[PDB]
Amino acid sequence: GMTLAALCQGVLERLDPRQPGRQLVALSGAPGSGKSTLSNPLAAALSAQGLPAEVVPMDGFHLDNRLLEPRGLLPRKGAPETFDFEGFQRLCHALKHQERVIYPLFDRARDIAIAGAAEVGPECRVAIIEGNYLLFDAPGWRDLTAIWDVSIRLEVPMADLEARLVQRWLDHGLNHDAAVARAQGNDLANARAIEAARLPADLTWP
């Protein structure tokens, strides 16, 4: 019930042109929410209105499997406790007042996070930070809401998330039974934890 145009305008109205440094806009979804398909056009819309914006994903902050494994966390990769929270938090802080900030990008195919893979530069006025746990009512995570200048929740029904996740796994070459089991495991449990621990957003799409 909201157009991208109205989303862009709503973000702009809520930002403060007089505010020193870089502004942060959070877009929080769940696994399967397709959040990157919203954040990127939003970045482009804002840039077109004279606010150069870029999308900064949180995925680069996954711990490596070599850490997760001995901790018994490997089967839950994607869960909040499988992220470098303190490192992500440090990035969010750096983005406000550092001119130039290097950060990691997650390589899905290789199932690793690559350090030194991306940079937010001084020309960027707004960072749209996208992730699953940006409005998440848990220790540490809940403190992030204080950092955001504007926050957006991407709201997708659980049923829709599931279907999208199964397709994901089907694409990966899993058969249907397997794809369902895989999705119903981790991803959907995370989606559920997210729904169970919602912090309020400035704006909700759609």
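Quick note: we count residues from 1 along the sequence shown, nothing fancier.
*Asks:* Averaging CA B factors per stretch from the PDB record, which one is higher: 22-30 or 173-181?
*Replies:* Higher of the two, by average CA B-factor, is 173-181.
*Asks:* Once you work out the mean C-alpha B-factor for both 124-132 and 91-99 from the entry, which is higher?
*Replies:* It is 91-99 that shows the higher mean C-alpha B-factor.
*Asks:* Would you mind finding, among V55, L154, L144, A45, the residue with the largest C-alpha temperature factor in the entry?
*Replies:* So the option with the highest C-alpha B-factor is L154.
*Asks:* Comparing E86 with the other modelled residues of its chain, is its CA B-factor in the lowest, middle or highest third?
*Replies:* Lowest third, going by the recorded CA B-factors of the chain.
*Asks:* Among the chain's modelled residues, which third holds the C-alpha B-factor of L68?
*Replies:* It belongs to the middle third of the chain when residues are ordered by C-alpha B-factor.
*Asks:* Taking the entry's C-alpha B-factors for this chain, is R168 in the lowest, middle or highest third?
*Replies:* Highest third of the chain for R168's C-alpha B-factor.
*Asks:* By the recorded C-alpha temperature factor, relative to the other modelled residues in its chain, which third is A115 in?
*Replies:* For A115, whose C-alpha B-factor we compare with every modelled residue in the chain, the answer is the lowest third.
*Asks:* Among the chain's modelled residues, which third holds the C-alpha B-factor of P139?
*Replies:* It falls in the top third of the chain.
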